[PDB]
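*Asks:* Quick one, model24.txt (compact mmCIF, N, CA, C and O atoms):
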# COMPACT_ATOMS: atom_id res chain seq x y z
N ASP N 1 114.41 -137.79 -119.73
CA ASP N 1 115.30 -138.96 -119.92
C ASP N 1 116.76 -138.55 -120.17
O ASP N 1 117.60 -139.43 -120.30
N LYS N 2 117.30 -137.57 -120.11
CA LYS N 2 118.50 -136.74 -120.15
C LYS N 2 118.52 -135.74 -119.01
O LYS N 2 119.45 -135.71 -118.21
N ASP N 3 117.51 -134.88 -119.02
CA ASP N 3 117.70 -133.53 -118.56
C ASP N 3 116.64 -133.22 -117.54
O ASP N 3 115.46 -133.53 -117.71
N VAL N 4 117.08 -132.48 -116.54
CA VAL N 4 116.25 -131.53 -115.86
C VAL N 4 115.49 -130.70 -116.88
O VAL N 4 116.07 -130.10 -117.79
N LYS N 5 114.18 -130.62 -116.70
CA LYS N 5 113.36 -129.68 -117.45
C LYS N 5 113.12 -128.55 -116.47
O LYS N 5 112.04 -128.38 -115.91
N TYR N 6 114.20 -127.86 -116.18
CA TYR N 6 114.18 -126.73 -115.28
C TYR N 6 113.22 -125.66 -115.83
O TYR N 6 113.55 -125.01 -116.82
N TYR N 7 112.05 -125.48 -115.21
CA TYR N 7 111.08 -124.50 -115.68
C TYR N 7 111.12 -123.31 -114.74
O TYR N 7 111.18 -123.46 -113.52
N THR N 8 111.14 -122.10 -115.31
CA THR N 8 111.17 -120.89 -114.52
C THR N 8 109.81 -120.70 -113.86
O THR N 8 108.79 -121.20 -114.36
N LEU N 9 109.77 -119.97 -112.75
CA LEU N 9 108.52 -119.78 -112.05
C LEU N 9 107.57 -118.90 -112.87
O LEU N 9 106.35 -119.05 -112.76
N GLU N 10 108.09 -118.02 -113.74
CA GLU N 10 107.27 -117.30 -114.69
C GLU N 10 106.48 -118.27 -115.55
O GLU N 10 105.27 -118.12 -115.71
N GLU N 11 107.19 -119.25 -116.14
CA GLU N 11 106.63 -120.19 -117.09
C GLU N 11 105.44 -120.86 -116.42
O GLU N 11 104.31 -120.68 -116.84
N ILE N 12 105.68 -121.60 -115.34
CA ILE N 12 104.65 -122.33 -114.64
C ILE N 12 103.43 -121.50 -114.28
O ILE N 12 102.31 -122.02 -114.29
N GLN N 13 103.61 -120.22 -113.95
CA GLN N 13 102.52 -119.39 -113.46
C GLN N 13 101.46 -119.14 -114.54
O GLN N 13 100.37 -118.66 -114.24
N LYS N 14 101.74 -119.48 -115.81
CA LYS N 14 100.78 -119.31 -116.89
C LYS N 14 99.79 -120.48 -116.93
O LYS N 14 98.72 -120.39 -117.53
N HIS N 15 100.13 -121.62 -116.32
CA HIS N 15 99.50 -122.90 -116.59
C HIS N 15 98.32 -123.16 -115.66
O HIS N 15 98.38 -124.01 -114.77
N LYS N 16 97.23 -122.42 -115.87
CA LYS N 16 95.99 -122.64 -115.12
C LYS N 16 94.76 -122.14 -115.86
O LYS N 16 93.71 -121.95 -115.26
N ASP N 17 94.89 -121.90 -117.16
CA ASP N 17 93.93 -121.09 -117.90
C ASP N 17 92.75 -121.92 -118.40
O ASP N 17 91.62 -121.45 -118.47
N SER N 18 93.01 -123.17 -118.79
CA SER N 18 92.07 -123.93 -119.59
C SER N 18 92.25 -125.43 -119.43
O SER N 18 91.30 -126.17 -119.18
N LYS N 19 93.49 -125.89 -119.61
CA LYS N 19 93.80 -127.30 -119.78
C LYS N 19 95.13 -127.60 -119.10
O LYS N 19 95.18 -128.36 -118.14
N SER N 20 96.20 -126.99 -119.61
CA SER N 20 97.53 -127.15 -119.10
C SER N 20 97.57 -126.67 -117.66
O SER N 20 97.38 -125.48 -117.40
N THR N 21 97.85 -127.59 -116.74
CA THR N 21 97.98 -127.29 -115.33
C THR N 21 99.15 -128.09 -114.81
O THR N 21 99.26 -129.31 -114.98
N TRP N 22 100.05 -127.36 -114.18
CA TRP N 22 101.23 -127.87 -113.54
C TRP N 22 101.10 -127.52 -112.07
O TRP N 22 100.47 -126.52 -111.73
N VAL N 23 101.70 -128.32 -111.21
CA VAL N 23 101.56 -128.15 -109.77
C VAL N 23 102.89 -128.54 -109.13
O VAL N 23 103.49 -129.53 -109.54
N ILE N 24 103.41 -127.75 -108.18
CA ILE N 24 104.80 -127.89 -107.75
C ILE N 24 104.83 -128.53 -106.36
O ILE N 24 104.13 -128.09 -105.45
N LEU N 25 105.64 -129.57 -106.19
CA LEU N 25 105.64 -130.41 -104.99
C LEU N 25 107.09 -130.67 -104.54
O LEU N 25 107.66 -131.70 -104.88
N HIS N 26 107.69 -129.73 -103.80
CA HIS N 26 109.07 -129.76 -103.30
C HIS N 26 110.09 -129.64 -104.42
O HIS N 26 110.76 -130.61 -104.77
N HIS N 27 110.25 -128.42 -104.93
CA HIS N 27 111.21 -128.10 -105.98
C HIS N 27 111.11 -129.11 -107.13
O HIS N 27 112.13 -129.52 -107.68
N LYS N 28 109.90 -129.50 -107.52
CA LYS N 28 109.67 -130.38 -108.65
C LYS N 28 108.38 -129.90 -109.30
O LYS N 28 107.41 -129.63 -108.59
N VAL N 29 108.40 -129.75 -110.61
CA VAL N 29 107.26 -129.33 -111.41
C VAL N 29 106.60 -130.61 -111.87
O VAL N 29 107.20 -131.37 -112.63
N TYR N 30 105.39 -130.87 -111.38
CA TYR N 30 104.64 -132.04 -111.80
C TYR N 30 103.61 -131.58 -112.82
O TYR N 30 102.86 -130.65 -112.56
N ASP N 31 103.57 -132.22 -113.98
CA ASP N 31 102.51 -131.92 -114.91
C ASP N 31 101.34 -132.84 -114.62
O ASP N 31 101.47 -134.06 -114.69
N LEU N 32 100.19 -132.25 -114.30
CA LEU N 32 99.00 -133.00 -113.96
C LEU N 32 97.86 -132.61 -114.90
O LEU N 32 96.70 -132.85 -114.57
N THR N 33 98.17 -132.08 -116.09
CA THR N 33 97.21 -131.85 -117.16
C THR N 33 96.40 -133.13 -117.39
O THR N 33 95.18 -133.12 -117.28
N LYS N 34 97.07 -134.26 -117.65
CA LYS N 34 96.39 -135.55 -117.69
C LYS N 34 96.39 -136.20 -116.31
O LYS N 34 96.81 -137.34 -116.14
N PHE N 35 95.94 -135.46 -115.31
CA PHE N 35 95.62 -136.01 -114.01
C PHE N 35 94.64 -135.10 -113.25
O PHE N 35 94.63 -135.11 -112.03
N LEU N 36 93.82 -134.32 -113.96
CA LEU N 36 92.81 -133.47 -113.33
C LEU N 36 91.67 -134.34 -112.79
O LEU N 36 91.67 -134.66 -111.61
N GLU N 37 90.70 -134.73 -113.61
CA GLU N 37 89.61 -135.59 -113.16
C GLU N 37 90.13 -136.98 -112.78
O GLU N 37 89.54 -137.66 -111.95
N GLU N 38 91.23 -137.41 -113.39
CA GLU N 38 91.88 -138.68 -113.06
C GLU N 38 92.37 -138.71 -111.61
O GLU N 38 92.53 -139.79 -111.05
N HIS N 39 92.63 -137.54 -111.00
CA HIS N 39 93.00 -137.46 -109.60
C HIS N 39 91.82 -137.87 -108.72
O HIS N 39 90.74 -137.29 -108.83
N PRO N 40 92.00 -138.85 -107.81
CA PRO N 40 90.95 -139.32 -106.92
C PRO N 40 90.74 -138.30 -105.80
O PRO N 40 91.33 -138.38 -104.72
N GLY N 41 89.87 -137.32 -106.06
CA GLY N 41 89.61 -136.22 -105.15
C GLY N 41 88.65 -135.23 -105.80
O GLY N 41 87.73 -134.75 -105.15
N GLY N 42 88.86 -134.92 -107.08
CA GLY N 42 88.00 -134.05 -107.85
C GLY N 42 88.78 -133.64 -109.07
O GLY N 42 89.29 -134.49 -109.79
N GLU N 43 88.92 -132.34 -109.27
CA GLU N 43 89.68 -131.75 -110.37
C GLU N 43 90.23 -130.43 -109.86
O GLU N 43 91.44 -130.28 -109.66
N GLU N 44 89.33 -129.49 -109.57
CA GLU N 44 89.66 -128.12 -109.22
C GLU N 44 90.66 -128.05 -108.06
O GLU N 44 91.51 -127.17 -108.05
N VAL N 45 90.61 -128.99 -107.11
CA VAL N 45 91.53 -129.04 -105.96
C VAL N 45 93.00 -128.99 -106.37
O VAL N 45 93.80 -128.38 -105.67
N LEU N 46 93.40 -129.61 -107.48
CA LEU N 46 94.77 -129.46 -107.97
C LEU N 46 94.96 -128.05 -108.51
O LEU N 46 95.99 -127.41 -108.28
N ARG N 47 93.96 -127.56 -109.24
CA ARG N 47 93.97 -126.24 -109.84
C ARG N 47 94.11 -125.13 -108.79
O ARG N 47 94.61 -124.06 -109.11
N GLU N 48 93.69 -125.39 -107.54
CA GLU N 48 93.78 -124.46 -106.41
C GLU N 48 95.20 -123.92 -106.23
O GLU N 48 95.36 -122.82 -105.72
N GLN N 49 96.23 -124.68 -106.63
CA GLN N 49 97.62 -124.21 -106.56
C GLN N 49 98.32 -124.48 -107.90
O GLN N 49 99.50 -124.82 -107.95
N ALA N 50 97.59 -124.31 -109.00
CA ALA N 50 98.18 -124.45 -110.32
C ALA N 50 99.15 -123.30 -110.59
O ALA N 50 98.87 -122.14 -110.28
N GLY N 51 100.28 -123.63 -111.20
CA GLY N 51 101.30 -122.68 -111.56
C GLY N 51 102.01 -122.12 -110.33
O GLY N 51 102.47 -120.98 -110.37
N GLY N 52 102.13 -122.90 -109.25
CA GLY N 52 102.84 -122.42 -108.08
C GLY N 52 102.77 -123.38 -106.90
O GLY N 52 102.76 -124.60 -107.07
N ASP N 53 102.79 -122.79 -105.71
CA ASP N 53 103.07 -123.38 -104.41
C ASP N 53 102.00 -124.38 -103.97
O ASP N 53 101.14 -124.07 -103.16
N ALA N 54 102.10 -125.62 -104.46
CA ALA N 54 101.18 -126.67 -104.05
C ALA N 54 101.78 -127.58 -102.98
O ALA N 54 101.07 -128.39 -102.40
N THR N 55 103.08 -127.43 -102.68
CA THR N 55 103.84 -128.17 -101.69
C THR N 55 103.12 -128.30 -100.38
O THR N 55 102.80 -129.42 -99.95
N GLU N 56 102.90 -127.18 -99.72
CA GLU N 56 102.32 -127.24 -98.40
C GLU N 56 100.93 -127.85 -98.52
O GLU N 56 100.54 -128.70 -97.73
N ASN N 57 100.22 -127.51 -99.60
CA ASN N 57 98.88 -127.99 -99.86
C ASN N 57 98.86 -129.39 -100.47
O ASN N 57 97.89 -129.75 -101.14
N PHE N 58 99.87 -130.22 -100.21
CA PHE N 58 99.90 -131.56 -100.77
C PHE N 58 100.48 -132.50 -99.71
O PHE N 58 99.87 -133.52 -99.41
N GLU N 59 101.65 -132.17 -99.16
CA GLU N 59 102.29 -133.09 -98.20
C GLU N 59 101.46 -133.18 -96.93
O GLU N 59 101.34 -134.25 -96.35
N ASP N 60 100.87 -132.05 -96.54
CA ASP N 60 99.97 -131.95 -95.40
C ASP N 60 98.82 -132.95 -95.51
O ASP N 60 98.44 -133.58 -94.52
N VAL N 61 98.30 -133.14 -96.72
CA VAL N 61 97.20 -134.06 -96.97
C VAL N 61 97.63 -135.51 -96.69
O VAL N 61 96.79 -136.37 -96.45
N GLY N 62 98.94 -135.79 -96.72
CA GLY N 62 99.52 -137.01 -96.18
C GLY N 62 99.01 -138.23 -96.93
O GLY N 62 98.62 -139.23 -96.33
N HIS N 63 99.04 -138.13 -98.26
CA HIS N 63 98.39 -139.04 -99.20
C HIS N 63 98.50 -140.51 -98.80
O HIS N 63 97.50 -141.16 -98.47
N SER N 64 99.71 -141.05 -98.90
CA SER N 64 100.07 -142.39 -98.48
C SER N 64 101.60 -142.48 -98.60
O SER N 64 102.26 -141.48 -98.86
N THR N 65 102.16 -143.69 -98.50
CA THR N 65 103.58 -143.94 -98.70
C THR N 65 103.79 -144.80 -99.96
O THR N 65 104.80 -145.47 -100.09
N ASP N 66 102.84 -144.71 -100.90
CA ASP N 66 102.85 -145.45 -102.16
C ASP N 66 102.50 -144.51 -103.33
O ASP N 66 103.18 -144.45 -104.35
N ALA N 67 101.46 -143.70 -103.16
CA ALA N 67 100.89 -142.83 -104.17
C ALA N 67 101.73 -141.57 -104.38
O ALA N 67 101.86 -141.08 -105.49
N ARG N 68 102.29 -141.02 -103.30
CA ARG N 68 103.16 -139.85 -103.46
C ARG N 68 104.38 -140.22 -104.29
O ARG N 68 104.86 -139.39 -105.04
N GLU N 69 104.87 -141.46 -104.21
CA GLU N 69 105.96 -141.87 -105.09
C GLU N 69 105.51 -141.87 -106.55
O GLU N 69 106.25 -141.42 -107.42
N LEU N 70 104.28 -142.31 -106.83
CA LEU N 70 103.74 -142.33 -108.20
C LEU N 70 103.90 -141.00 -108.95
O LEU N 70 103.99 -140.99 -110.17
N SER N 71 103.95 -139.88 -108.22
CA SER N 71 104.08 -138.56 -108.83
C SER N 71 105.32 -138.44 -109.73
O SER N 71 105.35 -137.62 -110.64
N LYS N 72 106.36 -139.22 -109.46
CA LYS N 72 107.63 -139.16 -110.17
C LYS N 72 107.47 -139.47 -111.66
O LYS N 72 108.14 -138.85 -112.47
N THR N 73 106.55 -140.35 -112.05
CA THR N 73 106.30 -140.60 -113.47
C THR N 73 105.67 -139.39 -114.17
O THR N 73 105.60 -139.35 -115.40
N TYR N 74 105.21 -138.39 -113.41
CA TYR N 74 104.57 -137.17 -113.90
C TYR N 74 105.46 -135.94 -113.70
O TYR N 74 105.07 -134.83 -114.04
N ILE N 75 106.65 -136.11 -113.12
CA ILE N 75 107.61 -135.02 -113.04
C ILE N 75 107.93 -134.59 -114.47
O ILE N 75 108.39 -135.39 -115.28
N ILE N 76 107.68 -133.32 -114.76
CA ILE N 76 108.04 -132.71 -116.03
C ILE N 76 109.20 -131.74 -115.79
O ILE N 76 109.50 -130.95 -116.67
N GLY N 77 109.85 -131.75 -114.62
CA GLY N 77 110.90 -130.79 -114.35
C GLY N 77 111.02 -130.43 -112.87
O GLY N 77 110.57 -131.18 -112.00
N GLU N 78 111.62 -129.27 -112.60
CA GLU N 78 111.82 -128.70 -111.28
C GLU N 78 112.13 -127.20 -111.42
O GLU N 78 112.27 -126.72 -112.54
N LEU N 79 112.19 -126.45 -110.31
CA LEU N 79 112.37 -125.00 -110.34
C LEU N 79 113.69 -124.67 -111.02
O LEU N 79 114.73 -125.19 -110.62
N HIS N 80 113.68 -123.77 -112.00
CA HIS N 80 114.89 -123.31 -112.68
C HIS N 80 115.98 -122.89 -111.69
O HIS N 80 115.69 -122.16 -110.75
N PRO N 81 117.23 -123.32 -111.89
CA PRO N 81 118.30 -123.25 -110.91
C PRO N 81 118.81 -121.83 -110.71
O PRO N 81 119.50 -121.58 -109.74
N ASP N 82 118.46 -120.90 -111.60
CA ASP N 82 118.71 -119.49 -111.37
C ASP N 82 117.89 -119.05 -110.15
O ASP N 82 118.42 -118.80 -109.06
N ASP N 83 116.56 -119.08 -110.28
CA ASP N 83 115.63 -118.73 -109.21
C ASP N 83 115.87 -119.59 -107.97
O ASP N 83 115.83 -119.13 -106.83
N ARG N 84 116.15 -120.87 -108.19
CA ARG N 84 116.32 -121.83 -107.11
C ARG N 84 117.73 -121.76 -106.51
O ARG N 84 117.92 -122.25 -105.40
N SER N 85 118.70 -121.11 -107.16
CA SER N 85 119.90 -120.68 -106.45
C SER N 85 119.53 -119.58 -105.46
O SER N 85 120.31 -119.30 -104.55
N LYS N 86 118.41 -118.89 -105.68
CA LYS N 86 118.01 -117.78 -104.83
C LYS N 86 117.17 -118.24 -103.64
O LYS N 86 117.29 -117.65 -102.57
N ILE N 87 116.39 -119.33 -103.75
CA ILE N 87 115.86 -119.94 -102.56
C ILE N 87 117.12 -120.50 -101.88
O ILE N 87 117.88 -121.29 -102.43
N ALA N 88 117.38 -119.98 -100.70
CA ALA N 88 118.65 -119.95 -100.00
C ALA N 88 118.43 -118.83 -99.00
O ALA N 88 118.34 -119.04 -97.80
N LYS N 89 118.18 -117.66 -99.58
CA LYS N 89 117.42 -116.60 -98.97
C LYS N 89 116.15 -116.43 -99.78
O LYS N 89 116.15 -115.64 -100.70
N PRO N 90 115.01 -117.05 -99.43
CA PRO N 90 113.83 -116.25 -99.49
C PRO N 90 114.03 -115.22 -98.36
O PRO N 90 113.95 -115.61 -97.20
N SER N 91 114.50 -113.98 -98.58
CA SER N 91 114.10 -112.98 -99.56
C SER N 91 113.91 -113.51 -100.96
O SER N 91 114.79 -113.42 -101.81
N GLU N 92 112.70 -114.00 -101.20
CA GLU N 92 112.18 -114.29 -102.52
C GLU N 92 112.50 -113.13 -103.46
O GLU N 92 112.77 -113.35 -104.63
N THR N 93 112.39 -111.92 -102.91
CA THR N 93 111.65 -110.90 -103.60
C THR N 93 112.24 -110.67 -104.99
O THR N 93 113.41 -110.32 -105.13
N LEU N 94 111.44 -110.95 -106.02
CA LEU N 94 109.99 -110.86 -106.07
C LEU N 94 109.45 -111.78 -107.15
O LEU N 94 108.21 -111.94 -107.17
Show me the file's structure as structure tokens.

*Replies:*
Amino acid sequence: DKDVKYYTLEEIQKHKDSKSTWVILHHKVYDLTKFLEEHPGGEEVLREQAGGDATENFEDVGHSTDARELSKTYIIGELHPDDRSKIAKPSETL
């Protein structure tokens, strides 16, 4: 409600251990901890790209033109602008 919650890619990569699961959908960190079983599909399918690159594995699924907007109420941030100043050249590395 103020701020970008710019989360570093290190931070997000921890979030798949037990409960806390975040999933990234076009330079946006979506928190889906309270959307695992609540997701109409299963649970583990979100976890398949927890703490990283869920983009390609989400837009491709082509959800709808109503539900993908709903994700915005679950945006907890986006890629930290240091690292994301570097997407420009992926050369990611590393």

*Asks:* Give as a compact mmCIF listing (two decimals) with N, CA, C and O atoms, in the frame of the given file each residue that has an atom at most 7 Å from (116.1, -126.0, -112.0) in the file, counting only N, CA, C and O atoms.

*Replies:*
# COMPACT_ATOMS: atom_id res chain seq x y z
N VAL N 4 117.08 -132.48 -116.54
CA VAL N 4 116.25 -131.53 -115.86
C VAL N 4 115.49 -130.70 -116.88
O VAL N 4 116.07 -130.10 -117.79
N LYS N 5 114.18 -130.62 -116.70
CA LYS N 5 113.36 -129.68 -117.45
C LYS N 5 113.12 -128.55 -116.47
O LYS N 5 112.04 -128.38 -115.91
N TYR N 6 114.20 -127.86 -116.18
CA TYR N 6 114.18 -126.73 -115.28
C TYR N 6 113.22 -125.66 -115.83
O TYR N 6 113.55 -125.01 -116.82
N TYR N 7 112.05 -125.48 -115.21
CA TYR N 7 111.08 -124.50 -115.68
C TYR N 7 111.12 -123.31 -114.74
O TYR N 7 111.18 -123.46 -113.52
N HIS N 27 110.25 -128.42 -104.93
CA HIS N 27 111.21 -128.10 -105.98
C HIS N 27 111.11 -129.11 -107.13
O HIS N 27 112.13 -129.52 -107.68
N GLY N 77 109.85 -131.75 -114.62
CA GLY N 77 110.90 -130.79 -114.35
C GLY N 77 111.02 -130.43 -112.87
O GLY N 77 110.57 -131.18 -112.00
N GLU N 78 111.62 -129.27 -112.60
CA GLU N 78 111.82 -128.70 -111.28
C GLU N 78 112.13 -127.20 -111.42
O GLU N 78 112.27 -126.72 -112.54
N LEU N 79 112.19 -126.45 -110.31
CA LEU N 79 112.37 -125.00 -110.34
C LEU N 79 113.69 -124.67 -111.02
O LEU N 79 114.73 -125.19 -110.62
N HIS N 80 113.68 -123.77 -112.00
CA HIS N 80 114.89 -123.31 -112.68
C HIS N 80 115.98 -122.89 -111.69
O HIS N 80 115.69 -122.16 -110.75
N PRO N 81 117.23 -123.32 -111.89
CA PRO N 81 118.30 -123.25 -110.91
C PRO N 81 118.81 -121.83 -110.71
O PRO N 81 119.50 -121.58 -109.74
N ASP N 82 118.46 -120.90 -111.60
CA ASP N 82 118.71 -119.49 -111.37
C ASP N 82 117.89 -119.05 -110.15
O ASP N 82 118.42 -118.80 -109.06
N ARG N 84 116.15 -120.87 -108.19
CA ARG N 84 116.32 -121.83 -107.11
C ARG N 84 117.73 -121.76 -106.51
O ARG N 84 117.92 -122.25 -105.40

*Asks:* Can you tell me, as a ChimeraX atom specification, what residues are no more than 7 Å from residue 46 (chain N) when counting all atoms listed in the file, ignoring any on the same chain fewer than 6 positions away?

*Replies:* /N:22-23,35-36,54

*Asks:* Find the residue from N:51, N:43, N:67, N:86 that sits nearest to residue 11 (chain N); use all atoms listed in the file when measuring.

*Replies:*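 Using all atoms listed in the file, residue 11 (chain N) sits closest to N:51.
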
*Asks:* Looking at all atoms listed in the file, which of N:34, N:39, N:28, N:63 is the one that sits closest to residue 75 (chain N)?

*Replies:*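 Between N:34, N:39, N:28, N:63, the residue approaching residue 75 (chain N) most closely is N:28.
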
*Asks:* Distance CA of residue 59 (chain N)-CA of residue 41 (chain N), one decimal place?

*Replies:*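 Distance between the two atoms: 14.8 Å.
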
*Asks:* Would you kindly return, as a ChimeraX atom specification, each protein, DNA or RNA residue with an atom no farther than 8 Å from any atom of residue 14 (chain N), considering all atoms listed in the file and excluding same-chain residues fewer than 6 positions away?

*Replies:* /N:8,20-22,50-52

*Asks:* Given all atoms listed in the file as the basis, pick out the residue of N:60, N:38, N:89, N:55 nearest to residue 25 (chain N).

*Replies:*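 Closest to residue 25 (chain N) of all the choices is N:55.
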
*Asks:* Which value, in Å to one decimal, gives the distance between atom C of residue 94 (chain N) and CA of residue 61 (chain N)?

*Replies:* 27.4 Å

*Asks:* Given the point (107.8, -135.3, -113.2) in the file's coordinates, find the residues that have an atom at most 7 Å from it, counting only N, CA, C and O atoms, and give them as a VMD selection string.

*Replies:* chain N and resid 28 to 31 71 to 77

*Asks:* Any chance you could list, as a PyMOL selection string, the residues in chain N that come up alpha helix (DSSP H) when DSSP is run on the backbone?

*Replies:* chain N and resi 9-12+44-47+56-59+67-70+81-86

*Asks:* How many Å separate atom O of residue 69 (chain N) from atom C of residue 19 (chain N)?

*Replies:* 21.2 Å

*Asks:* Pick out the closest residue to residue 17 (chain N) from this set: N:47, N:42, N:32, N:58. Count only C-alpha atoms.

*Replies:* N:47

*Asks:* Point out the residue among N:40, N:2, N:53, N:12 with the least atom-to-atom distance to residue 24 (chain N), counting all atoms listed in the file.

*Replies:*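 Looking at the shortest contact to residue 24 (chain N), the residue is N:53.
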